[PDB]
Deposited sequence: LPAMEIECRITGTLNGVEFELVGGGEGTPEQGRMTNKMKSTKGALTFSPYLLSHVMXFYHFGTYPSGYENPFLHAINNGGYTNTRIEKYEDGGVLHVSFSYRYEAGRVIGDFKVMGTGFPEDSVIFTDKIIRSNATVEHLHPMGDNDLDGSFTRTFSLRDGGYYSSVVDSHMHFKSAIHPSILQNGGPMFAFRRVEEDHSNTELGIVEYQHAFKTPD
């Protein structure tokens, strides 16, 4: 039985307010989740592709012998994620993720502040056609904190790319699952999305698979 997902995203991009609400479902054992959300303030003023990675690390597979620490945290006080994303044209996206849990349900309430995107930014065009896959390097900073880092790109219609560098800080109320904490080497997290967006209605399917070594 897939876990239900509810989600709200609220924020500002270059000072323009936006808000989306929606949900989907996910099966952590398959590393799969879906999320569909709709704007509550009319059309977005920027590319909906910017929000794909804002639209739940709980739904990722982990290798034999390791436990998804985000899933583990559900029963032991949870975690928050805070990401700082620096785009190649100077835009900055700051995102904070907080969660609550009910029986068979995760509810996310996410806050986004994007600033410094130039007027000529690709995010104010329909040039972005998709988000590309990423592999995040995760390692513990201490018993209650994981540090994540990855490079992310979008593909553009004329064949180019738009890139960012992402740094993430995951803070856990209780100690991180011992399989992750005691590893003595990083864990990698591969992620990819399938996006079906308009300017008012956004939808993703995401796959997340953590690994020590690729096949």
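**Q** What stretches of this chain's deposited sequence are missing C-alpha coordinates?
**A** Counting from residue 1, the stretches without coordinates are 1, 57.
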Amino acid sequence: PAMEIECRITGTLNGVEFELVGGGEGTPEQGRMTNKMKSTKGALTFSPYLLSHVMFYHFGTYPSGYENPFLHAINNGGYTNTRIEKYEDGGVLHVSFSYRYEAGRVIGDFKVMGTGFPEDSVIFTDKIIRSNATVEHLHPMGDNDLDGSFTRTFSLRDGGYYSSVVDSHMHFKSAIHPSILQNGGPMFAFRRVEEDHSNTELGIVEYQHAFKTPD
From here on, numbers count along this sequence of modelled residues.
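**Q** In the PDB record, does 37-45 or 60-68 carry the higher mean Cα temperature factor?
**A** Stretch with the higher mean C-alpha B-factor: 37-45.
**Q** Please compare 121-129 with 78-86 and name the stretch with the higher mean C-alpha B-factor in the deposited structure.
**A** Going by the record's values, the stretch with the higher mean is 121-129.
**Q** Specify which of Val95, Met141, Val135, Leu138 carries the largest Cα B factor in the deposited PDB entry.
**A** That would be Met141, according to the entry.
**Q** Where does the C-alpha B-factor of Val193 rank in its chain, lowest, middle or highest third?
**A** Within its chain, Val193 is a lowest-third residue by C-alpha B-factor, going by the deposited values.
**Q** Please place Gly116 in the lowest, middle or highest third of its chain according to the CA B-factor in the PDB entry.
**A** For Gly116, whose C-alpha B-factor we compare with every modelled residue in the chain, the answer is the middle third.
**Q** When the modelled residues of the chain are sorted by Cα temperature factor, does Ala210 land in the lowest, middle or highest third?
**A** It falls in the bottom third of the chain.
**Q** Ranked by Cα temperature factor within the chain, is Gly31 in the lowest third, the middle third or the highest third?
**A** According to the entry, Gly31 has a C-alpha B-factor in the chain's middle third.
**Q** Rank-wise, by C-alpha B-factor, drop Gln182 into the lowest, middle or highest third of its chain.
**A** It belongs to the highest third of the chain when residues are ordered by C-alpha B-factor.
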